[PDB]
């Protein structure tokens with residue numbers, strides 16, 4: 001039913017340009033805020049650009065301002081990212097993702113979480129702290145901490161994302177402690193002061209993946225991802 005489908009991943013020479021599309025189906029895209037999130041080789045999740053829901057208001061990460069243009073095409077029910085003056089450090093898989101309805105309104109920054117994710121497309125140009133890794137046997141309990149300061153985790157609600165390598169991230173926990181439909185109750189989320197926790201009881205082999213926390217930061221005025229934790233069973 002509801003999905004986002006990306007297209008346009010290509011190889012470009014340095015200084016070249018490329019346009020990516022993010023097409024919605026099953027819902028009106030303009031009804032939601034949305035973002036582009038990139039992942040460099042060996043890197044974590046990085047917010048790059050986005051649109052506010054009911055306006056056409058844009059913003060961009062500092063590393064990308066002046067070179068990337070985000071726009072909506074309401075006629076095609078889609079969003080585009082025009083990438084000019086591309087650099088080698090721009091090489092990454094780029095995802096688009098919508099922000100939930102419930103985080104697209106007056107308290108959208110407090111709640112900011114992304115429920116529907118694009119497939120990811122590869123462009124080749126040629127301080128939320130988590131443990132590096134955690135491990136346990138199947139059936140064992142695991143805890144993944146996510147630490148910050150007042151501006152991020154202190155003020156805003158935390159979400160958690162599961163990513164098998166090279167695949168689209170998946171929302172596992174939102175608004176600190178909530179699970180979306182279908183996410184098993186083995187997963188639970190916690191917050192206390194400037195730290196949050198993802199607990200996984202009864203480790204299953206399919207849980208082996210990278211896990212990122214995320215929260216809005218009030219001083220940056222930017223959505224932050226954690227450095228990420230590799231979980232092995």
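Is it true that some residue in the range 199-216 is over 30 Å from residue 62 (Cβ atoms) and part of a strand (DSSP E or B)?
The answer is yes, given that some residue of the range 199-216 is over 30 Å from residue 62 (Cβ atoms) and part of a strand (DSSP E or B).
Would you be able to tell me the number of residues in the range 176-221 that are surrounded by fewer than 16 Cβ atoms within 10 Å (Cβ to Cβ), under 20 Å from residue 35 (Cβ atoms) and touching a strand residue (DSSP E or B) at 6+ places or on another chain (Cβ under 7 Å)?
Adding up the residues that qualify gives 1.
Would you confirm whether any residue within the range 152-163 is surrounded by fewer than 20 Cβ atoms within 10 Å (Cβ to Cβ), more than 16 Å from the chain's Cα centre (by Cα) and assigned by TED's automatic domain parsing to the domain that holds residue 202?
Yes, the range 152-163 contains at least one residue that is surrounded by fewer than 20 Cβ atoms within 10 Å (Cβ to Cβ), more than 16 Å from the chain's Cα centre (by Cα) and assigned by TED's automatic domain parsing to the domain that holds residue 202.
Checking the condition under 27 Å from residue 197 (Cβ atoms) and either touching a strand residue (DSSP E or B) at 6+ places or on another chain (Cβ under 9 Å) or surrounded by 15 or more Cβ atoms within 10 Å (Cβ to Cβ) (or both), which residue from 104, 126, 78, 71 passes?
Exactly one residue qualifies, and that residue is 104.
Go through the range 110-127 and give me each residue that's in a helix (DSSP H, G or I) and either more than 14 Å from the chain's Cα centre (by Cα) or farther than 25 Å from residue 176 by Cβ (or both).
Scanning the range 110-127 gives a single hit, 110.
Basis: the model, the stated rules and, where named, an outside source; these are not laboratory values. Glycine also receives a Cβ, built like all others from the backbone with ideal geometry; neighbour counts cover every protein chain displayed.
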